[PDB]
């Protein structure tokens, strides 16, 4: 069976709850309902995928188009009409927005409880993402800080046959040009890719901004539900479960 690393630690929902100082419940069912609703409406779908790591402005919240960030957004294909997203920026926004819907708090507050990049805060925009009290940030820092439960899979087939995945889990595709599994994710790389699982436990389905057609294809890109395709040609997988499974 699949061995869970950091087995005595915390699930993603629990970690977010802690980061929020118990202001956000991060309930699995509500997150799943949010995913169903916001994959179907016109808030995210259709937002251009753009090659700026800090892009986090979906069609429904085109916020970076109305601050100094607009210049960087425009260079890489962001638009005033539909905004623009990159992969981590999308997952950050989706989680933050879900927490805002659940709690009634403004997304500007809930985004502070969700990891993104350790350099997003230093960029100097109006919104901030999670950081440690010491000022570090990003996904592997979050995993280590909260001792997050995680799984590693060398193949997509192993992941999808493991019985571990639930809708709402976070999946990282780890660029096989820099490493395998979690160790690979700790290494700076061109093409690690993140998304939110939307399948039934065995189906190949996730919600992401990035490749929608094939592993390694960065021409055919968008913000949508699609199979789990990496930005890299070769991938292994890290799963950060949202909550304990049924």
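Positions refer to the first chain, counted from 1.
Between 171-179 and 145-153, the higher mean Cα B-factor belongs to 171-179.
Here the stretch with the larger average CA B-factor, out of 84-92 and 115-123, is 115-123.
For the set 238, 233, 228, 15, the PDB entry puts the maximum C-alpha B factor at 233.
Comparing the C-alpha B-factors of 204, 190, 67, 61 in the entry, the top value falls on 190. In the PDB entry, residue 135 places in the highest third of its chain by CA B-factor.
Per-chain ranking of the deposited C-alpha B factor places residue 78 in the middle third.
Residue 195 sits in the lowest third of its chain by CA B factor, as recorded in the PDB entry.
Per the deposited record, the Cα B-factor of residue 110 falls in the lowest third when ranked against the other modelled residues of its chain. When all modelled residues of the chain are sorted by CA temperature factor, residue 46 is found within the highest third.
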